[PDB]
Structure formats: structure tokens, C-alpha cells
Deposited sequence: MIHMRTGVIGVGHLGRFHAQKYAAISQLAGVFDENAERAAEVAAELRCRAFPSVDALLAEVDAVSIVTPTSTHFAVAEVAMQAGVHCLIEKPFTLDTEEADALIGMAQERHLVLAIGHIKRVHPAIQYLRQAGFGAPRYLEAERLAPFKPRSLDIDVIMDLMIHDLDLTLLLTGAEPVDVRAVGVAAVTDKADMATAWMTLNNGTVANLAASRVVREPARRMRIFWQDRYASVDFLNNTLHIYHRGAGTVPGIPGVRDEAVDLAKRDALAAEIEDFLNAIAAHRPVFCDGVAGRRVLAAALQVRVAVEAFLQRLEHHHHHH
């Protein structure tokens, strides 16, 4: 239980849950939303306030989640940081990278914690593998396959699905992309519905990343290979399996609330000057990588 004044801006499908976690782990001041009925019922559920403006809310909190539509993340975030408040921004960070850089600089001049909601970083398998001190992997092979749900249009498979494994690749390798080839297939829209990236980093690591949003049977698999070790991560069987040149160690992992852990980490970074689980600089790096992937795809697709 952290002692901090917290609020959420944007309480839709995902901001409502942010609000709930804040209410359980902090003193949630209240919420703001452009839809007023929706903010009203969120505030009724959590015995908190539905503030009548962004600035009413901001004058009364130390920290907020920004869970507004992506195109708005820069605008809202400026007002929040301008007001001296800490921000956890839900993924994706921003639309283009100059917005991202602006926000990083604001946070740096104002000594505010800027966090990006790249949730897989708090997954227990990713924590286990990082504490294992295995080094940078040689080969990464991810597939993220989703059912097409009725709101899945304008959801670009790269900025929505693939970005999770792009982020993981940057994190576990610590390297930046130097070559990016990609294929895409636009089936329903002209936007990509299936995209697969073959990506090479300056440390010579290869990541082979496949996302597809028009899929019938979901799947969140990632296989990571060092020289003498191999992990398979199954994010929805929630299993982690490590093999040593074979020996098959099944790591059993505690299930835990991923968003709760994310928010606890954001607040704990504010409170103790800890590095947060994913700062704005990392969010910018993954945003640039996904933009590369998309440029390569729209090259392929023409």
C-alpha cells in the first residue's frame, strides 16, 4: 500500500482497470474522461471523484495513468507534465517519435517519472530469464496471434501486436536494429493483418517476429536461444521451459496481476527514485523499431 495521490485520465475498457488497481494500492483521487457518463459510473464503482476537467484532477494528484486513445497521448501528457505530475502512458507510447522525444525531454527537465505500459516486461517468465544472467540471445522467434474481434480494424498488427515482442527483443539483447526485412499481407483493410519481420541488431542477433490479427486460434509464443541455453515462453499457457545442452527444466511461475505489478512498479519508482520498469526512452526505442518494420512492410505490400 503506497501513500500517493493517483488518478486516471481516460477510463474506458483499460483505464477502468488502471483505476481499480490504483484504488486497491494507493489513494485514488478520481478520474477524468471526455465521456461524462462513463467517468461517472467508474467513480461510483470506486468511491472516488469524476473530476470535471483534466486540470481539476491534475491539481490533486501526484501520479496518473494516461489511457486515452493513442493519437491523444502527447496532448494529455503535456498537460500532465506541465502540471508537475508523473505519468504511466499505456502502449503504444505516441504516434511518431518526435512527440516521444518532446515528452522524454519534458520529463527530464521536470524530474518526473515517465513510464510506458509495456506490460510483458513484468511477466514472471521475462523476470526469471533476466535474473538468470544468460547474456544477449543469438536468436529470437516470436509469434503473437489474435482473434479478430469486432473492434480490431485500424488496429495495425505492427503497432498493436508485434510491438510487444519488439520491446522484448530490444530489452533482452540491449541492441538496436540495423537491418529490417519484412513481409506483410493486408487482407480485410489495406492495413496489415499479418506481418512478419526478420530483424538484425548490431550485436548480430536475429529476431524473427510474426503477428497476425485475423487468426482463429490465439497464440503467444516466444523461443529465445543463446549459445548454450534455449527458453520457450508460452504467455497463455503461462509456462517457461529452459533447456541446457538436453535437460528440460520446467520453471514454475507465480501467476500475478500484470497490471497491478505494472502500477506498483510505477508508483515504487516515483517513491524510491528507482528506475521504472520501462521508461520513456525505451518506449521511444521500441516505437522507432516498429516504425521501421512498418516501412519495410509497406515497401513489401507496395
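Asks: When the deposited sequence is counted from residue 1, which ranges lack any model?
Replies: Those stretches are 246 to 255, 313 to 321, listed in order.
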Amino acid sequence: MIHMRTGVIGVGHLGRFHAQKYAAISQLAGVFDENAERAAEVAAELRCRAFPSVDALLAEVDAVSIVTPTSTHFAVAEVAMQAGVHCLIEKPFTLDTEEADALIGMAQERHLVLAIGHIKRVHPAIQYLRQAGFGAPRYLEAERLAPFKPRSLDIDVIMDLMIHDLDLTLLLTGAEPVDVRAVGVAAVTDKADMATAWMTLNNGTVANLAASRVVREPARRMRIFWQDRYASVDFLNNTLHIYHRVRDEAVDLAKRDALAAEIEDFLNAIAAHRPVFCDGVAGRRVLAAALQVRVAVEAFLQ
From here on, numbers count along this sequence of modelled residues.
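Asks: Mean C-alpha B-factor higher for 230 to 238, or for 24 to 32?
Replies: For C-alpha atoms only, the mean B-factor is higher in 230 to 238.
Asks: If you take the mean CA temperature factor per stretch, which one wins between 153 to 161 and 206 to 214?
Replies: On average, C-alpha B-factors are higher across 153 to 161.
Asks: Among 101, 141, 167, 190, single out the one with the highest C-alpha B factor in the record, please.
Replies: Of the candidates given, the C-alpha B-factor peaks at 190.
Asks: What's the residue among 130, 221, 73, 118 with the greatest CA temperature factor in the PDB record?
Replies: Largest recorded C-alpha B-factor: 221.
Asks: Looking at the C-alpha B-factor of residue 249, is it in the lowest, middle or highest third of its chain?
Replies: As the PDB entry reports it, the C-alpha B-factor of residue 249 lands in the highest third of its chain.
Asks: Per the entry's values, where does residue 65 land by CA temperature factor relative to the rest of its chain, in the lowest, middle or highest third?
Replies: Answer is lowest: the recorded C-alpha B-factor places it there.
Asks: Pull the Cα B-factor of residue 90 out of the PDB entry and bin it into the chain's lowest, middle or highest third.
Replies: Answer is lowest: the recorded C-alpha B-factor places it there.
Asks: Sort the modelled residues of this chain by their C-alpha B factor and say whether residue 297 lands in the lowest, middle or highest third.
Replies: Ranked within chain, residue 297 CA B lands in the middle tercile.
Asks: Please rank the C-alpha B-factors of the chain's modelled residues and tell me whether residue 51 sits in the lowest, middle or highest third.
Replies: As the PDB entry reports it, the C-alpha B-factor of residue 51 lands in the middle third of its chain.
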